[PDB]
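Side-chain atoms are counted along with the backbone in the values below, which use heavy atoms only and exclude waters and symmetry mates. Here is how names work: the chains are called A, B, and so on, in the same order as the sequence lines, proteins then strands, and each is numbered from 1.
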Amino acid sequence: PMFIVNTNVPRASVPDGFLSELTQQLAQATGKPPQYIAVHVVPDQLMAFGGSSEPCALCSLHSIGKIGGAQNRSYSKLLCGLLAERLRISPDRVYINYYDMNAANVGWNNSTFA
Amino acid sequence: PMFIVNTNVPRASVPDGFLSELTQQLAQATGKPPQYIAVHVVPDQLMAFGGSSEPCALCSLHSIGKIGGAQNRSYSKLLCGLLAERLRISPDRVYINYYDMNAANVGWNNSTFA
Amino acid sequence: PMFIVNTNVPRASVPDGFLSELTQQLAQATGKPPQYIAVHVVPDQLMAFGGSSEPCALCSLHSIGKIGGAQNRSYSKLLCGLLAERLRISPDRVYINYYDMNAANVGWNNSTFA
Ligand SMILES: CC(C)c1nn2ccccc2c1C(=O)[C@@H](C)N
Ligand SMILES: [Cl-]
Ligand SMILES: [Cl-]
Ligand SMILES: [Cl-]
Ligand SMILES: [Cl-]
Ligand SMILES: [Cl-]
Ligand SMILES: [Cl-]
Ligand SMILES: [Cl-]
Ligand SMILES: [Cl-]
Ligand SMILES: [Cl-]
Ligand SMILES: [Cl-]
């Protein structure tokens, strides 16, 4: 799986250990092996949500399977929870796009998961 | 909806009110409330379009519905128009990927839109 | 086509002409004219792969057609090879998401490719 978070929150406000916490929480939530988890955080971004530039975040979670109605609601609660707790971003100022990737469309180690 | 613009144009060349203009114009174009419109601009990028690093832009517009053949053509005219006017980027050096998202695949406020 | 590389490797480590090499290599691989190839490299990113902060990369390749099982395996070998030789990133620490875009969903020059 791959989780990306883009936010206008400054770098200095992203607490130490955030990438590790995301990796650990996502491994368990998705059920995927920790070695399969990739995380990416992009702070200090120029963005707005509803026209307001108060703290907000635009994210994406890509996974081969483990994507669905119920699972996505659970990931959203988990992720919005972490963003609220660690980056002080209100859950209603966070969007998370979920993508269920076909194995044939994910490259890794000179090949694909197909 | 969510609109992201990645460009090699420097931050100082992004005029005041750009995020606000995009928010307003996209709310009107998509027919969605501006409160639900998120915009993100990423300047000073290392990119090339067609083998040259002259001003260019790689963008994405995600929306639950309001995506289609005719609508996308209309959005492209609007967006390329804004990028040319405000960032001086030639329309033929702009790519905009459109994504019609299923409500279950868009997280927000500890849940999804499903 | 559009190729994006997000990586934690330093900007100073990205060889000059790297964008040009990616452009020409992708033009050859996809069979499409270099004029239509866009490349984007984002260094100095805060990311982790498998919980580790060692060099890694999260990439995407979007193309109208020329995407598939066999082709993607070929693209992965090509791209991982380039990232390894030029950016010193191990292939097993690289993810590449492939997207076969419908022409109606790719905006360009005030319209779409449909
Ligand atoms: C699905 C499988 C190919 C696979 N994907 N993947 C992604 C990141 C790290 C390890 C692996 C991995 C493996 O364990 C191989 C060695 N069997
Ligand atoms: Cl589910
Ligand atoms: Cl897919
Ligand atoms: Cl602005
Ligand atoms: Cl140039
Ligand atoms: Cl339409
Ligand atoms: Cl039309
Ligand atoms: Cl979707
Ligand atoms: Cl194929
Ligand atoms: Cl093959
Ligand atoms: Cl598409």
Ring center gap for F49(B) and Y36(C) short of 6.0 angstrom: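 Centroid separation for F49(B) and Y36(C): 6.0 Å or greater.
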Approximate separation, where rounding is to 0.5 Å, of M47(B) CE and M2(C) CE: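 Output value for this atom pair is 9.0 Å.
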From CG (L61(C)) to CG (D100(C)), nearest 0.5 Å: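 Rounded to the nearest 0.5 Å, the CG-CG separation comes out at 10.0 Å.
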Pick from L19(C), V14(C), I4(C), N102(C) with the largest number of heavy-atom pairs that fall under 4.5 Å of chain B: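 Max contact count across the listed options: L19(C).
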Interchain contact, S111(C) with chain B, by part (heavy-atom threshold 4.5 Å):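 Interface part for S111(C): both.
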Option in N8(B), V94(B), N97(B) with maximal non-hydrogen atom pairs under 4.5 Å from chain C: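 Ranked by heavy-atom pairs under 4.5 Å with chain C, first place is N97(B).
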Test log, rule salt bridge (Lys or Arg N to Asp or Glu O under 4.0 Å), inputs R93(B) and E54(B): CA-CA 9 Å; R93(B) 291 183 63 73; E54(B) 303 307 320; over 6 Å; no
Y99(B) versus chain C, the contacting section by heavy-atom distance below 4.5 Å: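 For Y99(B), the side chain is the part near chain C, not the backbone.
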Contacting moiety of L83(B), where chain C heavy atoms sit under 4.5 Å: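 When you check distances to chain C, no heavy atom of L83(B) falls under 4.5 Å.
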Pair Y98(B)-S76(B), side-chain donor/acceptor within less than 3.5 Å: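 A donor-acceptor contact under 3.5 Å links the two side chains.
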